[PDB]
Amino acid sequence: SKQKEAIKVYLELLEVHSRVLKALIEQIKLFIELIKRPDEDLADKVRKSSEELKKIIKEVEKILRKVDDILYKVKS
Amino acid sequence: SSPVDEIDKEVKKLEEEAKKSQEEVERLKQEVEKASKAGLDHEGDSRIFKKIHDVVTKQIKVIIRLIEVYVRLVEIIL
Amino acid sequence: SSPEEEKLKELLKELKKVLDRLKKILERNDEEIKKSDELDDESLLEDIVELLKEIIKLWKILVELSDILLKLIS
């Protein structure tokens, strides 16, 4: 059923948002130390965490496309 | 006292809320899996989705508070 | 006020705009689901679509905000 389909989407979002929390907390801590003291190794792992967030964006765009596929078939 | 140290304090508090959120998510995933393996009514699927919706909403609100703290961090150095 | 600082303040005001409308979406979705009993499948996915769109815009601003902050802090 389509209500079970919206359940699968939300479960996917929980797993995604957990990695958003983990990535966002790391970036804030890294900036706290960068503001107190600049360090290139710290700046590098900020760029690494930013790239991880970019891949998460792509995962959320894939979730959205799959939901739009269902909505398009429902409204058809 | 110090503004950056106040933000450091607030992030540690929000980090603990993230840990508690993840713990609640794991309890939900176990209940959903138990509900998936059982023949549920359309009302049973309703209460399950409402349960999942509340956990999703709580988790996003933790993210928003993190971002609002993040914003305060940016405004300090500006 | 400098060019890069103005770019950050513009993105920061856009971030506040996105957060505000995101909280309105969470409230509307929570309000619509609290009607209990049977839930429509179309409106449920449409509410999800609107949530995902703002969530995607949110992360995109955070990614760009992180880049500008690294330029400022050097």
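Here, each number is a calculation from the coordinates, and none is a lab measurement. Reconstructed Cβ throughout: ideal geometry from the backbone, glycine too, with neighbour counts over all protein chains shown.
Data for the structure
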item: Selection status of A:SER76, among the hydroxyl-bearing types (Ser, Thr, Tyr), outside any helix (DSSP H, G or I) and on the phi < 0 side of the Ramachandran plot; result: yes
item: Some residue of the stretch B:59-72 being surrounded by 12 or more Cβ atoms within 10 Å (Cβ to Cβ), more than 20 Å from C:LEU44 (Cβ to Cβ) and out of contact with any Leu (no Cβ under 9 Å at 6 or more places or on another chain); result: yes
item: Looking only at the stretch B:24-45, and only at residues there that are under 21 Å from the mean Cα position of the chain (by Cα) and basic (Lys, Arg), the one that is nearest to the other protein chains (Cβ to nearest Cβ); result: B:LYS29
item: Matching residues in the stretch B:33-78 - criterion: being over 25 Å from C:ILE25 (Cβ atoms) and β-branched (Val, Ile, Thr); result: B:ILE76, B:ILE77
item: Qualifying residue in the stretch B:25-38 (condition: in a helix (DSSP H, G or I), of a type in the set (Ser, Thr, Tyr) and touching a residue at least 12 places away in the same chain (Cβ under 8 Å)); result: no
item: Criterion violated by A:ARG65 - all others in (1) part of a helix (DSSP H, G or I); (2) at the interface with chain C (Cβ under 7 Å from one of its Cβ atoms); (3) not polar (S, T, N, Q) satisfied; result: (2)
item: Top-ranked residue in the stretch C:22-33 [being charged (D, E, K, R) and surrounded by 13 or more Cβ atoms within 10 Å (Cβ to Cβ); ranked as nearest to A:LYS75 (Cα to Cα)]; result: C:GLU32
item: Single condition C:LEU8 does not satisfy, out of (1) without any contact (Cβ under 8 Å) to a residue 12 or more places away in the chain; (2) more than 30 Å from A:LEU11 (Cα to Cα); (3) surrounded by 17 or more Cβ atoms within 10 Å (Cβ to Cβ); result: (1)
item: Tally of residues being within 11 Å of the chain's Cα centre (by Cα), within 10 Å of chain C (Cβ to nearest Cβ) and of a type outside the set (A, V, I, L, M, F, W, C) across the stretch A:1-30; result: 1
item: Qualifying residue in the stretch C:20-32 (condition: within 14 Å of chain A (Cβ to nearest Cβ), touching a residue at least 12 places away in the same chain (Cβ under 8 Å) and over 22 Å from B:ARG65 (Cβ atoms)); result: yes
item: Every residue from the stretch A:31-51 that is under 18 Å from the mean Cα position of the chain (by Cα) and either within 10 Å of chain C (Cβ to nearest Cβ) or within 13 Å of B:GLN59 (Cβ to Cβ) (or both); result: A:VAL46, A:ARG47, A:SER49, A:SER50, A:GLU51
item: Hey, B:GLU43 part of a helix (DSSP H, G or I), under 22 Å from C:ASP30 (Cα atoms), among the charged types (D, E, K, R) and in contact with a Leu (Cβ under 8 Å, 6 or more places away or on another chain) or not; result: no
item: Number of the condition not met by B:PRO3 [criteria: (1) under 13 Å from A:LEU14 (Cβ atoms); (2) more than 7 Å from every other protein chain (Cβ to nearest Cβ); (3) surrounded by 11 or more Cβ atoms within 10 Å (Cβ to Cβ)]; result: (1)
item: Residues of the stretch C:34-74 satisfying the condition of being exposed (fewer than 14 other Cβ atoms within 10 Å of the Cβ) and in contact (Cβ under 8 Å) with a residue 60 or more places away in the chain; result: C:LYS71
item: Residue in the stretch B:46-60 that is more than 7 Å from every other protein chain (Cβ to nearest Cβ), touching an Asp or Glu at 6+ places or on another chain (Cβ under 9 Å) and polar (S, T, N, Q) present; result: no
